[PDB]
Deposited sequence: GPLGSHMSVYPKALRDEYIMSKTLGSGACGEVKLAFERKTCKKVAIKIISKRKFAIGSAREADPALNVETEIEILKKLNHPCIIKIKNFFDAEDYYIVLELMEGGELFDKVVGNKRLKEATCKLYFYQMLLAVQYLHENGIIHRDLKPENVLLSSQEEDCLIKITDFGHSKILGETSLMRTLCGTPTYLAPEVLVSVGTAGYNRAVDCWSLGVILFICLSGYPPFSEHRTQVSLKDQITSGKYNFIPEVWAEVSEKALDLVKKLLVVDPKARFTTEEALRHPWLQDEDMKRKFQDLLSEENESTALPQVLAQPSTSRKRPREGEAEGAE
C-alpha cells in the first residue's frame, strides 16, 4: 500500500525506527520528525490526540501534526536517543547517577500529568524516550493511548440519599480518587529495573505466580546486584512498591525523597533544558 496524499504533501517518509514508528522529513523545514502509524481503534486515538494537544511540558512528547485517513498518522518530535528499553534490556544496567537524572524527569513529567487530571496507565521503559545518544540527555514520556482523564459519577451519587444505594458503592468511597497511584507503582518498577538491570517481578526462576508476587508485593531482592546501589535509591523504590495505593508514594513525595535532593543532577537537567531551548529562544524585554 501507499501513504495518504495529504501526508506525502508535507512530509517525506523514510526508514522504520520501530516495527509502528517511522522517521520522516518535514518538507517545509527539512527537519526530522517521527510518525506513529496506528492501523484502523478510533477511541484510544481520539483521547491521545486530545491529550497531546493540551499538554505542554519538556518531559512530555509534543504532537506536530495529525492525519486521519486509511490509517491514523501521528506526527511527533523525533527523539534521537530512542527508547529507554534498549538501555536496560539484556540485564544491562545504568550508572546510578544516570538513573537519578532520568527518573527525576520521569517524576516531573508524571507529576505534571497528575496535576492536569491525567493518568498514563502504561508506563514502561518502551514509552520513555531519550533526546540524544548522550547518556546525559532529556527524556520524554510517550504513548497516551491507554490514558485516562479524570469519580464524577460517584460524586454525583454522594449527592442525595443512599436509600437505594448498594453497599459496594459506599465501600468504594474509601479508595475513590487514587487511580493515579498506579503510575507511581509503574515508576517504582521502572526505577527498580534501571538500578538493578533486572525486573522485581518475573516468572524466571520461581514457582510463585507473577500475580501472587505482585499482590503480595514481595519483589525478588538479589543482594549481590543491589550492593552496588545506594541505600537512598533502594529506599525510594521501597516506598513506590507499596501494595496499598493510599500509602504508596505520590510523585510529590518521591520528589522530596532524599535520593532526589541532589543539586548537581538538577543543575545538569537545567543545563540540558536551556540547551534544548536555544533553538527557539526569542529575545525578550529587559
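Gaps between the deposited sequence and the modelled coordinates occur at 1 to 7, 27 to 30, 52 to 63, 174, 311 to 329, listed in sequence order.
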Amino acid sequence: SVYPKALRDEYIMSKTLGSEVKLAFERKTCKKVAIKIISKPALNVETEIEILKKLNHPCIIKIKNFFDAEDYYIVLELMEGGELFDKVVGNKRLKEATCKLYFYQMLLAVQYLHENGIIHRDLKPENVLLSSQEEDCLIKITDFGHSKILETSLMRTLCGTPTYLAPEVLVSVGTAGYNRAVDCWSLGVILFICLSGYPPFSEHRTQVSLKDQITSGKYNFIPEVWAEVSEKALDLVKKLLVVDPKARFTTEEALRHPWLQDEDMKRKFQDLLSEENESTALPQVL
From here on, numbers count along this sequence of modelled residues.
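Just so we're on the same page, rigid core means the largest C-alpha set that superposes within 1.5 Å between forms.
Comparing the two stretches 46 to 54 and 246 to 254 by root mean square C-alpha distance in 9 other deposited structures of this protein, with all structures fitted on the core, the more displaced one is 46 to 54. Looking at the other PDB entries for this protein, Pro41 is absent from the model in a third or more of those that include the residues around it.
Gaps at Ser19 occur in at least a third of the other compared entries of the protein that contain both adjacent residues. Higher average CA B factor: 76 to 84, of the stretches 76 to 84 and 183 to 191. Comparing 151 to 159 with 95 to 103, the higher mean C-alpha B-factor in the PDB entry belongs to 151 to 159. The PDB entry assigns its highest CA temperature factor, among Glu126, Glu203, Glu168, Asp122, to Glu203.
Across the residues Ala227, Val237, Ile60, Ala247, the deposited record lists the maximum Cα B factor for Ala227. In the deposited entry, the Cα temperature factor of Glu48 places it in the middle third of its chain's modelled residues.
Split the chain's modelled residues into thirds by C-alpha temperature factor. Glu134 is in the highest one. In the deposited entry, the Cα temperature factor of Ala254 sits in the bottom third of values across the chain's modelled residues. The deposited CA B-factor of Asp212 belongs to the middle third of values across its chain. Annotation for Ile38: CA B-factor lies in the highest third of the chain's modelled residues.
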